[PDB]
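Data block for work.cif (mmCIF, C-alpha atoms and all ligand atoms):
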```
data_model
loop_
_atom_site.group_PDB
_atom_site.id
_atom_site.type_symbol
_atom_site.label_atom_id
_atom_site.label_comp_id
_atom_site.auth_asym_id
_atom_site.auth_seq_id
_atom_site.Cartn_x
_atom_site.Cartn_y
_atom_site.Cartn_z
ATOM 1 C CA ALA A 265 -13.175 -16.262 25.298
ATOM 2 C CA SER A 266 -16.812 -15.564 26.425
ATOM 3 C CA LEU A 267 -18.378 -12.122 27.329
ATOM 4 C CA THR A 268 -18.047 -12.421 31.145
ATOM 5 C CA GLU A 269 -14.332 -13.360 30.541
ATOM 6 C CA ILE A 270 -13.726 -10.246 28.338
ATOM 7 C CA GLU A 271 -15.302 -8.048 31.061
ATOM 8 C CA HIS A 272 -13.230 -9.816 33.728
ATOM 9 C CA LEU A 273 -10.053 -9.066 31.736
ATOM 10 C CA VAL A 274 -11.141 -5.351 31.501
ATOM 11 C CA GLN A 275 -11.494 -5.075 35.276
ATOM 12 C CA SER A 276 -8.196 -6.846 36.058
ATOM 13 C CA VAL A 277 -6.266 -4.668 33.517
ATOM 14 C CA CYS A 278 -7.884 -1.482 34.999
ATOM 15 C CA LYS A 279 -7.168 -2.664 38.566
ATOM 16 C CA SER A 280 -3.527 -3.583 37.671
ATOM 17 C CA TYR A 281 -3.002 -0.114 36.196
ATOM 18 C CA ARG A 282 -4.413 1.867 39.184
ATOM 19 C CA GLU A 283 -2.235 -0.177 41.583
ATOM 20 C CA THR A 284 0.997 0.470 39.591
ATOM 21 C CA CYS A 285 0.993 4.230 39.080
ATOM 22 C CA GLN A 286 3.841 6.082 40.704
ATOM 23 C CA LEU A 287 1.537 9.065 41.390
ATOM 24 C CA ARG A 288 -2.139 9.115 42.285
ATOM 25 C CA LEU A 289 -4.156 11.085 39.663
ATOM 26 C CA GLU A 290 -5.997 12.954 42.531
ATOM 27 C CA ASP A 291 -2.620 14.298 43.767
ATOM 28 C CA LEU A 292 -1.659 15.339 40.194
ATOM 29 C CA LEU A 293 -4.905 17.249 39.627
ATOM 30 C CA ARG A 294 -4.776 19.027 43.045
ATOM 31 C CA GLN A 295 -1.194 20.251 42.283
ATOM 32 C CA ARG A 296 -2.036 22.009 38.973
ATOM 33 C CA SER A 297 -1.723 25.534 40.488
ATOM 34 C CA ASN A 298 1.695 24.676 42.076
ATOM 35 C CA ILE A 299 3.753 26.017 39.124
ATOM 36 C CA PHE A 300 7.517 26.740 39.031
ATOM 37 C CA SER A 301 8.299 30.462 39.355
ATOM 38 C CA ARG A 302 10.443 32.169 36.656
ATOM 39 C CA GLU A 303 13.363 32.082 39.207
ATOM 40 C CA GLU A 304 12.922 28.317 39.787
ATOM 41 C CA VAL A 305 12.749 27.724 35.966
ATOM 42 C CA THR A 306 16.004 29.758 35.624
ATOM 43 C CA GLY A 307 17.662 27.570 38.308
ATOM 44 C CA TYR A 308 16.802 24.456 36.253
ATOM 45 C CA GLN A 309 18.167 26.011 33.060
ATOM 46 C CA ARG A 310 21.413 26.983 34.855
ATOM 47 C CA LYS A 311 22.049 23.408 36.134
ATOM 48 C CA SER A 312 24.812 21.496 34.301
ATOM 49 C CA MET A 313 23.735 19.282 31.360
ATOM 50 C CA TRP A 314 25.036 16.190 33.239
ATOM 51 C CA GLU A 315 23.189 17.078 36.459
ATOM 52 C CA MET A 316 19.872 17.403 34.502
ATOM 53 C CA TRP A 317 20.508 14.134 32.676
ATOM 54 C CA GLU A 318 21.159 12.283 35.977
ATOM 55 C CA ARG A 319 17.926 13.601 37.510
ATOM 56 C CA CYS A 320 15.838 12.769 34.422
ATOM 57 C CA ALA A 321 17.316 9.252 33.934
ATOM 58 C CA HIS A 322 16.565 8.627 37.653
ATOM 59 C CA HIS A 323 12.919 9.809 37.225
ATOM 60 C CA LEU A 324 12.540 7.631 34.101
ATOM 61 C CA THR A 325 13.958 4.624 36.025
ATOM 62 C CA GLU A 326 11.418 5.051 38.875
ATOM 63 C CA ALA A 327 8.532 5.189 36.300
ATOM 64 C CA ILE A 328 9.848 2.143 34.384
ATOM 65 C CA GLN A 329 9.942 0.235 37.696
ATOM 66 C CA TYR A 330 6.172 0.853 38.125
ATOM 67 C CA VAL A 331 5.628 -0.320 34.486
ATOM 68 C CA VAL A 332 7.581 -3.538 35.285
ATOM 69 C CA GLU A 333 5.142 -4.047 38.208
ATOM 70 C CA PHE A 334 2.126 -3.395 35.892
ATOM 71 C CA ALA A 335 3.484 -6.043 33.444
ATOM 72 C CA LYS A 336 3.840 -8.569 36.307
ATOM 73 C CA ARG A 337 0.155 -7.974 37.194
ATOM 74 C CA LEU A 338 -1.159 -8.444 33.611
ATOM 75 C CA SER A 339 -2.801 -11.869 33.266
ATOM 76 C CA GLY A 340 -0.825 -13.971 30.795
ATOM 77 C CA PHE A 341 2.448 -11.996 31.083
ATOM 78 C CA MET A 342 4.133 -14.171 33.749
ATOM 79 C CA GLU A 343 2.907 -17.257 31.752
ATOM 80 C CA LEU A 344 5.163 -16.126 28.823
ATOM 81 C CA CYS A 345 8.823 -17.266 28.903
ATOM 82 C CA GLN A 346 11.475 -15.014 30.579
ATOM 83 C CA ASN A 347 13.039 -14.193 27.139
ATOM 84 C CA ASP A 348 9.638 -12.964 25.894
ATOM 85 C CA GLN A 349 8.881 -10.995 29.121
ATOM 86 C CA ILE A 350 12.294 -9.289 28.701
ATOM 87 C CA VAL A 351 11.825 -8.644 24.947
ATOM 88 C CA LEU A 352 8.436 -7.003 25.641
ATOM 89 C CA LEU A 353 9.582 -4.804 28.547
ATOM 90 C CA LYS A 354 12.761 -3.751 26.636
ATOM 91 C CA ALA A 355 10.727 -2.730 23.616
ATOM 92 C CA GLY A 356 7.591 -1.467 25.415
ATOM 93 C CA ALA A 357 8.471 -0.061 28.896
ATOM 94 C CA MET A 358 9.484 3.399 27.587
ATOM 95 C CA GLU A 359 6.452 3.416 25.244
ATOM 96 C CA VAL A 360 4.138 2.729 28.240
ATOM 97 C CA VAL A 361 5.793 5.588 30.224
ATOM 98 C CA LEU A 362 5.308 7.853 27.143
ATOM 99 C CA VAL A 363 1.550 7.127 27.149
ATOM 100 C CA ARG A 364 1.230 7.339 31.014
ATOM 101 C CA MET A 365 2.960 10.776 30.898
ATOM 102 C CA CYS A 366 -0.292 12.487 29.682
ATOM 103 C CA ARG A 367 -1.811 12.009 33.218
ATOM 104 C CA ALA A 368 0.872 14.388 34.605
ATOM 105 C CA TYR A 369 0.497 16.882 31.747
ATOM 106 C CA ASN A 370 -1.722 19.966 31.793
ATOM 107 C CA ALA A 371 -2.790 20.979 28.248
ATOM 108 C CA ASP A 372 -4.336 24.258 29.624
ATOM 109 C CA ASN A 373 -0.806 25.728 30.187
ATOM 110 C CA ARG A 374 1.391 23.061 28.440
ATOM 111 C CA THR A 375 3.139 22.047 31.697
ATOM 112 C CA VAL A 376 4.286 18.732 33.165
ATOM 113 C CA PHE A 377 4.522 17.671 36.815
ATOM 114 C CA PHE A 378 8.274 17.482 37.584
ATOM 115 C CA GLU A 379 9.957 17.342 41.061
ATOM 116 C CA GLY A 380 6.897 18.587 42.975
ATOM 117 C CA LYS A 381 5.594 21.373 40.684
ATOM 118 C CA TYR A 382 4.396 21.968 37.075
ATOM 119 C CA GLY A 383 6.658 23.539 34.461
ATOM 120 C CA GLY A 384 6.788 23.983 30.703
ATOM 121 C CA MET A 385 9.237 22.812 28.025
ATOM 122 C CA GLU A 386 11.830 25.523 28.923
ATOM 123 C CA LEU A 387 12.478 23.746 32.279
ATOM 124 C CA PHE A 388 14.493 21.040 30.407
ATOM 125 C CA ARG A 389 16.675 23.417 28.299
ATOM 126 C CA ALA A 390 19.888 22.271 30.088
ATOM 127 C CA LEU A 391 19.501 18.664 28.734
ATOM 128 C CA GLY A 392 20.483 19.928 25.283
ATOM 129 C CA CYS A 393 17.866 17.807 23.502
ATOM 130 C CA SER A 394 15.290 20.393 22.505
ATOM 131 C CA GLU A 395 13.667 18.386 19.675
ATOM 132 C CA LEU A 396 13.141 15.289 21.915
ATOM 133 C CA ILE A 397 11.521 17.472 24.666
ATOM 134 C CA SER A 398 9.301 19.144 22.011
ATOM 135 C CA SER A 399 8.214 15.710 20.620
ATOM 136 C CA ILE A 400 7.455 14.464 24.152
ATOM 137 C CA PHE A 401 5.328 17.563 24.952
ATOM 138 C CA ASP A 402 3.544 17.341 21.507
ATOM 139 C CA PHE A 403 2.788 13.620 22.030
ATOM 140 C CA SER A 404 1.346 14.364 25.504
ATOM 141 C CA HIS A 405 -0.674 17.262 24.051
ATOM 142 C CA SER A 406 -2.070 14.962 21.331
ATOM 143 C CA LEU A 407 -3.126 12.304 23.956
ATOM 144 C CA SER A 408 -4.765 15.032 26.135
ATOM 145 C CA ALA A 409 -7.040 15.952 23.201
ATOM 146 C CA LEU A 410 -8.492 12.370 23.466
ATOM 147 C CA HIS A 411 -9.666 12.957 27.092
ATOM 148 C CA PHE A 412 -8.829 9.388 28.104
ATOM 149 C CA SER A 413 -10.438 7.899 31.208
ATOM 150 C CA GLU A 414 -8.094 5.855 33.528
ATOM 151 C CA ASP A 415 -9.688 2.619 32.238
ATOM 152 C CA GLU A 416 -8.865 3.689 28.630
ATOM 153 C CA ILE A 417 -5.196 4.376 29.434
ATOM 154 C CA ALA A 418 -5.025 1.032 31.301
ATOM 155 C CA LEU A 419 -6.377 -0.905 28.293
ATOM 156 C CA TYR A 420 -4.320 0.998 25.717
ATOM 157 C CA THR A 421 -1.013 0.647 27.718
ATOM 158 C CA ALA A 422 -1.564 -3.122 28.180
ATOM 159 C CA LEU A 423 -1.730 -3.284 24.343
ATOM 160 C CA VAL A 424 1.381 -1.088 23.949
ATOM 161 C CA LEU A 425 3.259 -3.664 26.089
ATOM 162 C CA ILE A 426 1.697 -6.930 24.749
ATOM 163 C CA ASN A 427 2.733 -6.533 21.120
ATOM 164 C CA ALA A 428 3.186 -9.767 19.181
ATOM 165 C CA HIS A 429 5.204 -8.054 16.390
ATOM 166 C CA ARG A 430 8.241 -7.396 18.682
ATOM 167 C CA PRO A 431 11.422 -8.800 17.083
ATOM 168 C CA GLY A 432 12.977 -11.469 19.306
ATOM 169 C CA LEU A 433 9.810 -13.248 20.469
ATOM 170 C CA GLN A 434 10.260 -17.020 20.845
ATOM 171 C CA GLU A 435 6.572 -17.920 21.372
ATOM 172 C CA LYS A 436 4.999 -15.406 18.976
ATOM 173 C CA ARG A 437 1.609 -17.239 18.859
ATOM 174 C CA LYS A 438 1.181 -17.137 22.691
ATOM 175 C CA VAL A 439 1.761 -13.335 22.664
ATOM 176 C CA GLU A 440 -0.751 -13.014 19.721
ATOM 177 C CA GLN A 441 -3.466 -14.738 21.771
ATOM 178 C CA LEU A 442 -2.812 -12.453 24.773
ATOM 179 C CA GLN A 443 -2.830 -9.401 22.488
ATOM 180 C CA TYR A 444 -6.067 -10.559 20.763
ATOM 181 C CA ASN A 445 -7.741 -10.984 24.211
ATOM 182 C CA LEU A 446 -6.544 -7.524 25.373
ATOM 183 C CA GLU A 447 -7.793 -6.116 22.007
ATOM 184 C CA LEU A 448 -11.245 -7.652 22.606
ATOM 185 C CA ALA A 449 -11.229 -6.155 26.131
ATOM 186 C CA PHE A 450 -10.194 -2.696 24.830
ATOM 187 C CA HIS A 451 -12.714 -2.667 21.925
ATOM 188 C CA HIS A 452 -15.476 -4.172 24.102
ATOM 189 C CA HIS A 453 -14.960 -1.460 26.729
ATOM 190 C CA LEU A 454 -14.908 1.229 23.972
ATOM 191 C CA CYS A 455 -18.064 -0.178 22.335
ATOM 192 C CA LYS A 456 -19.880 -0.335 25.729
ATOM 193 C CA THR A 457 -18.952 3.269 26.702
ATOM 194 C CA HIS A 458 -19.692 4.685 23.190
ATOM 195 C CA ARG A 459 -16.023 5.671 22.821
ATOM 196 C CA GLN A 460 -15.035 3.882 19.533
ATOM 197 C CA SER A 461 -14.486 7.377 18.004
ATOM 198 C CA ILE A 462 -11.036 7.489 19.694
ATOM 199 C CA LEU A 463 -9.783 4.480 17.631
ATOM 200 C CA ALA A 464 -9.085 6.573 14.518
ATOM 201 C CA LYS A 465 -7.406 9.266 16.656
ATOM 202 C CA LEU A 466 -5.021 6.951 18.610
ATOM 203 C CA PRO A 467 -1.404 7.802 17.715
ATOM 204 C CA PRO A 468 0.025 5.701 14.874
ATOM 205 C CA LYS A 469 2.505 3.065 16.000
ATOM 206 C CA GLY A 470 5.543 4.596 14.222
ATOM 207 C CA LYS A 471 5.130 7.655 16.523
ATOM 208 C CA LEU A 472 5.906 5.737 19.771
ATOM 209 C CA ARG A 473 8.845 4.012 18.017
ATOM 210 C CA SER A 474 10.191 7.403 16.746
ATOM 211 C CA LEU A 475 10.026 8.886 20.283
ATOM 212 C CA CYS A 476 11.980 5.860 21.604
ATOM 213 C CA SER A 477 14.606 6.111 18.878
ATOM 214 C CA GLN A 478 15.091 9.830 19.638
ATOM 215 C CA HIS A 479 15.651 9.001 23.325
ATOM 216 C CA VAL A 480 18.348 6.358 22.492
ATOM 217 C CA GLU A 481 20.019 8.761 19.923
ATOM 218 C CA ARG A 482 20.177 11.667 22.441
ATOM 219 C CA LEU A 483 21.441 9.363 25.191
ATOM 220 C CA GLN A 484 24.243 8.155 22.860
ATOM 221 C CA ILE A 485 25.228 11.825 22.318
ATOM 222 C CA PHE A 486 25.214 12.609 26.067
ATOM 223 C CA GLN A 487 27.064 9.351 26.929
ATOM 224 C CA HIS A 488 29.800 10.168 24.400
ATOM 225 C CA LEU A 489 30.442 13.580 26.015
ATOM 226 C CA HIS A 490 30.110 12.188 29.591
ATOM 227 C CA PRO A 491 30.883 8.425 29.696
ATOM 228 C CA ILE A 492 31.917 8.415 33.360
ATOM 229 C CA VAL A 493 28.682 10.287 34.336
ATOM 230 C CA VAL A 494 26.660 7.431 32.733
ATOM 231 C CA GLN A 495 28.847 4.649 34.147
ATOM 232 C CA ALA A 496 29.019 6.113 37.701
ATOM 233 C CA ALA A 497 25.724 8.013 38.263
ATOM 234 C CA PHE A 498 23.062 6.540 35.875
ATOM 235 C CA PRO A 499 20.746 3.829 37.288
ATOM 236 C CA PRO A 500 21.657 0.258 36.290
ATOM 237 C CA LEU A 501 18.116 -0.451 34.985
ATOM 238 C CA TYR A 502 18.309 2.668 32.707
ATOM 239 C CA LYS A 503 21.595 1.460 31.203
ATOM 240 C CA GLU A 504 20.225 -2.076 30.635
ATOM 241 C CA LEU A 505 17.175 -0.736 28.741
ATOM 242 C CA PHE A 506 18.827 2.139 26.885
ATOM 243 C CA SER A 507 22.678 2.153 26.891
ATOM 244 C CA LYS A 520 20.898 -8.342 34.417
ATOM 245 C CA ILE A 521 18.397 -6.004 36.430
ATOM 246 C CA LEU A 522 15.213 -7.137 34.548
ATOM 247 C CA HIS A 523 15.840 -10.803 35.488
ATOM 248 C CA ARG A 524 15.865 -9.835 39.200
ATOM 249 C CA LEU A 525 12.791 -7.493 39.053
ATOM 250 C CA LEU A 526 10.753 -10.200 37.222
ATOM 251 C CA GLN A 527 11.666 -13.129 39.512
ATOM 252 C CA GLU A 528 10.907 -11.005 42.651
HETATM 253 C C1 LIG V 1 4.996 11.681 35.891
HETATM 254 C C2 LIG V 1 5.706 10.331 35.859
HETATM 255 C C3 LIG V 1 4.990 9.295 36.737
HETATM 256 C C4 LIG V 1 3.663 8.786 36.141
HETATM 257 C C5 LIG V 1 3.103 7.678 37.000
HETATM 258 O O1 LIG V 1 3.446 6.510 36.872
HETATM 259 O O2 LIG V 1 2.235 8.093 37.889
HETATM 260 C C6 LIG V 1 3.887 8.267 34.714
HETATM 261 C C7 LIG V 1 4.554 9.326 33.846
HETATM 262 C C8 LIG V 1 5.902 9.760 34.434
HETATM 263 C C9 LIG V 1 6.528 10.771 33.505
HETATM 264 O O3 LIG V 1 5.842 11.583 32.912
HETATM 265 N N1 LIG V 1 7.852 10.707 33.302
HETATM 266 C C10 LIG V 1 8.821 9.803 33.938
HETATM 267 C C11 LIG V 1 10.120 10.609 33.929
HETATM 268 C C12 LIG V 1 9.956 11.715 32.851
HETATM 269 S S1 LIG V 1 10.136 13.348 33.657
HETATM 270 O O4 LIG V 1 8.934 13.586 34.404
HETATM 271 O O5 LIG V 1 11.399 13.379 34.335
HETATM 272 C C13 LIG V 1 10.190 14.551 32.372
HETATM 273 C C14 LIG V 1 11.396 14.803 31.743
HETATM 274 C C15 LIG V 1 11.401 15.414 30.507
HETATM 275 C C16 LIG V 1 10.205 15.785 29.956
HETATM 276 F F1 LIG V 1 10.200 16.252 28.684
HETATM 277 C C17 LIG V 1 9.010 15.660 30.616
HETATM 278 C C18 LIG V 1 9.003 15.044 31.852
HETATM 279 C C19 LIG V 1 11.029 11.515 31.768
HETATM 280 C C20 LIG V 1 12.366 11.403 32.122
HETATM 281 C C21 LIG V 1 13.371 11.453 31.172
HETATM 282 C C22 LIG V 1 13.072 11.590 29.822
HETATM 283 C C23 LIG V 1 14.162 11.685 28.762
HETATM 284 F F2 LIG V 1 13.762 10.976 27.644
HETATM 285 C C24 LIG V 1 14.321 13.163 28.275
HETATM 286 F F3 LIG V 1 13.318 13.530 27.480
HETATM 287 F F4 LIG V 1 14.343 14.011 29.299
HETATM 288 F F5 LIG V 1 15.448 13.332 27.592
HETATM 289 C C25 LIG V 1 15.541 11.043 29.161
HETATM 290 F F6 LIG V 1 16.336 10.959 28.098
HETATM 291 F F7 LIG V 1 16.187 11.754 30.086
HETATM 292 F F8 LIG V 1 15.391 9.811 29.642
HETATM 293 C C26 LIG V 1 11.731 11.643 29.465
HETATM 294 C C27 LIG V 1 10.707 11.600 30.406
HETATM 295 C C28 LIG V 1 9.275 11.606 29.933
HETATM 296 C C29 LIG V 1 8.346 10.883 30.893
HETATM 297 C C30 LIG V 1 8.496 11.529 32.271
#
```
Represent the structure of the file as structure tokens.
Amino acid sequence: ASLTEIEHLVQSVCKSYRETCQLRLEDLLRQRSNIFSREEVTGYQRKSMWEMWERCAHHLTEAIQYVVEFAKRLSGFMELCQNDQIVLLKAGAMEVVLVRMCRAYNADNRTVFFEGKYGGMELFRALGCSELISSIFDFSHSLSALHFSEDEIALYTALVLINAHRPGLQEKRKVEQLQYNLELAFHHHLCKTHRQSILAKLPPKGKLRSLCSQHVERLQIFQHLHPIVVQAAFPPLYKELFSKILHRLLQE
């Protein structure tokens, strides 16, 4: 690739990201004072474990749908084979949502935007997965310290998705080229903006993997106690990724 081609890739990755966010960042920043009252927090804590799990799996499904759309807009992704597109979204969709999450997090009061207002960790106490919630809030807190611009999140999340080391890849070399080009775009943009200092501070790659394993372990626990809740009231896309639908979303 040449220099005008690296810069063109930067702009298309940033444009693809802005167009595939479930929530506008302007809306998220203007809502920061709209915080759940102690009575509203108590209502969430008093909801049944299964009711909280259904709501959260539904919110994760909506966010993963926007990540599927982001992947379809990344140059090179639809040029990969269907097996590879599916391998990458199955391994990387949750990881992308985990990074995106920091836009809806407020490190000033340790709250997250959930169902119209901001609330802390204690809002998810009914889920019965305290350590997973803690890890999610800590990971968001650690990304907030980086003060990412939207362009930085866009370039980083494209790299979280386009990972050539994913087990199951048929055309490994084609994914390596796409990843190398997105790496040049990310590093070029960081070099240009005098932001290469964030490289050393980016979360290690076993951290995203650990967060994803915790999610699948806690879901197995919930599913064992409530198998009919999962079968009857969990979204089909959630069950395909974590317990088909990807083939339809990708063709569309
Ligand atoms: C804001 C939204 C839209 C943005 C955009 O695109 O604009 C991109 C980010 C996206 C987002 O942050 N999210 C999408 C849904 C949401 S959540 O908001 O429901 C929420 C629940 C629990 C929590 F700790 C914190 C938040 C979510 C849902 C369920 C789980 C579970 F693993 C867990 F942890 F609950 F167990 C699980 F297991 F339920 F799946 C984790 C998360 C973390 C990411 C969150």
* Rank nothing, just name the residue among A:487, A:295, A:312, A:325 nearest to residue 522 in chain A, using all atoms listed in the file. => A:325
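Each of A:342, A:496, A:428, A:475 was compared to residue 401 in chain A using only C-alpha atoms, and A:475 turns out to be the nearest.
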Which residues match the PyMOL selection byres (((not hetatm)) within 6 of (chain V and resi 1)) in the file above, as a short mmCIF file (atom, residue, chain, number, x, y, z; two decimals) with C-alpha atoms, in the coordinates of the input?
```cif
data_model
loop_
_atom_site.label_atom_id
_atom_site.label_comp_id
_atom_site.auth_asym_id
_atom_site.auth_seq_id
_atom_site.Cartn_x
_atom_site.Cartn_y
_atom_site.Cartn_z
CA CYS A 285 0.99 4.23 39.08
CA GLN A 286 3.84 6.08 40.70
CA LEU A 287 1.54 9.06 41.39
CA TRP A 317 20.51 14.13 32.68
CA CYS A 320 15.84 12.77 34.42
CA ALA A 321 17.32 9.25 33.93
CA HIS A 323 12.92 9.81 37.22
CA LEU A 324 12.54 7.63 34.10
CA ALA A 327 8.53 5.19 36.30
CA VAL A 361 5.79 5.59 30.22
CA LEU A 362 5.31 7.85 27.14
CA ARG A 364 1.23 7.34 31.01
CA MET A 365 2.96 10.78 30.90
CA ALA A 368 0.87 14.39 34.60
CA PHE A 378 8.27 17.48 37.58
CA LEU A 396 13.14 15.29 21.92
CA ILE A 397 11.52 17.47 24.67
CA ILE A 400 7.46 14.46 24.15
CA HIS A 479 15.65 9.00 23.32
#
```
* Residue contacts of residue 446 in chain A (9 Å, only C-alpha atoms) excluding same-chain residues fewer than 3 positions away, as a list in words ->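 These residues fall inside the cut-off: residues 270, 273, 274, 277, 419, 420, 422, 423, 426, 441, 442, 443, 449, 450 and 451 of chain A.
Omitting residue 486 in chain A and its sequence neighbours fewer than 4 positions away, and counting all atoms listed in the file, the residues within 10 Å are residues 313, 314, 317, 391, 392, 393, 480, 481, 482, 490, 491, 493 and 494 of chain A.
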* Would you translate the PyMOL selection byres (((chain A and resi 502) around 10) and not hetatm) into the concrete set of residues it matches in this file, as number ranges by chain? => A: 321-322, 324-326, 328, 494, 498-501, 503-507, 521
* Which residues fall under the PyMOL selection byres (((chain A and resi 452) around 12) and not hetatm) in this file, as a VMD selection string? -> chain A and resid 266 to 275 416 419 444 to 451 453 to 460
Selection export as an mmCIF file, in the frame of the given file, atoms kept: C-alpha atoms:
```
data_model
loop_
_atom_site.group_PDB
_atom_site.id
_atom_site.type_symbol
_atom_site.label_atom_id
_atom_site.label_comp_id
_atom_site.auth_asym_id
_atom_site.auth_seq_id
_atom_site.Cartn_x
_atom_site.Cartn_y
_atom_site.Cartn_z
ATOM 1 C CA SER A 266 -16.812 -15.564 26.425
ATOM 2 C CA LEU A 267 -18.378 -12.122 27.329
ATOM 3 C CA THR A 268 -18.047 -12.421 31.145
ATOM 4 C CA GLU A 269 -14.332 -13.360 30.541
ATOM 5 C CA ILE A 270 -13.726 -10.246 28.338
ATOM 6 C CA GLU A 271 -15.302 -8.048 31.061
ATOM 7 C CA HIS A 272 -13.230 -9.816 33.728
ATOM 8 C CA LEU A 273 -10.053 -9.066 31.736
ATOM 9 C CA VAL A 274 -11.141 -5.351 31.501
ATOM 10 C CA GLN A 275 -11.494 -5.075 35.276
ATOM 11 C CA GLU A 416 -8.865 3.689 28.630
ATOM 12 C CA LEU A 419 -6.377 -0.905 28.293
ATOM 13 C CA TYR A 444 -6.067 -10.559 20.763
ATOM 14 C CA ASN A 445 -7.741 -10.984 24.211
ATOM 15 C CA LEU A 446 -6.544 -7.524 25.373
ATOM 16 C CA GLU A 447 -7.793 -6.116 22.007
ATOM 17 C CA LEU A 448 -11.245 -7.652 22.606
ATOM 18 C CA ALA A 449 -11.229 -6.155 26.131
ATOM 19 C CA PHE A 450 -10.194 -2.696 24.830
ATOM 20 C CA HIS A 451 -12.714 -2.667 21.925
ATOM 21 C CA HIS A 453 -14.960 -1.460 26.729
ATOM 22 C CA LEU A 454 -14.908 1.229 23.972
ATOM 23 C CA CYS A 455 -18.064 -0.178 22.335
ATOM 24 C CA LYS A 456 -19.880 -0.335 25.729
ATOM 25 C CA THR A 457 -18.952 3.269 26.702
ATOM 26 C CA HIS A 458 -19.692 4.685 23.190
ATOM 27 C CA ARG A 459 -16.023 5.671 22.821
ATOM 28 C CA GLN A 460 -15.035 3.882 19.533
#
```
* Asked: Near residue 348 in chain A, within 10 Å and counting all atoms listed in the file, which residues show up once chain neighbours fewer than 6 positions away are dropped, as number ranges by chain?
  -> A: 341-342, 354, 428, 430-436, 438-439
* Structure fact -> Using only C-alpha atoms, the best pick from A:333, A:281, A:370, A:352 as closest to residue 294 in chain A would be A:370
* Asked: Using all atoms listed in the file, which of the listed residues (A:418, A:406, A:315, A:350) sits closest to residue 334 in chain A?
  -> A:418
* Counting all atoms listed in the file, figure out which residue out of A:483, A:497, A:387, A:425 gets nearest to residue 309 in chain A. =>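 Result for the nearest residue to residue 309 in chain A: A:387.
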* Asked: Which residue, A:462, A:355, A:417, A:376, has the smallest gap to residue 404 in chain A when you use all atoms listed in the file?
  -> A:376
With only C-alpha atoms counted and 10 Å as the cut-off, give the residues of range 275-362 of chain A in contact with range 409-414 of chain A, each with its shortest interatomic distance in Å and the pair that gives it, as CSV.
```
residue,atom,partner,partner_atom,distance
A:278,CA,A:414,CA,7.5
A:279,CA,A:414,CA,9.9
A:281,CA,A:414,CA,8.3
A:282,CA,A:414,CA,7.8
A:289,CA,A:414,CA,9.0
```
* To do: To one decimal in Å, tell me the separation between CA of residue 358 in chain A and CA of residue 476 in chain A.
  =>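 For CA of residue 358 in chain A relative to CA of residue 476 in chain A, the distance reads 6.9 Å.
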* Structure fact -> Computed gap from CA of residue 301 in chain A to CA of residue 382 in chain A is 9.6 Å
* **Atom-to-atom span, CA of residue 388 in chain A and CA of residue 465 in chain A, Å** =>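 Going from CA of residue 388 in chain A over to CA of residue 465 in chain A, I get 28.4 Å.
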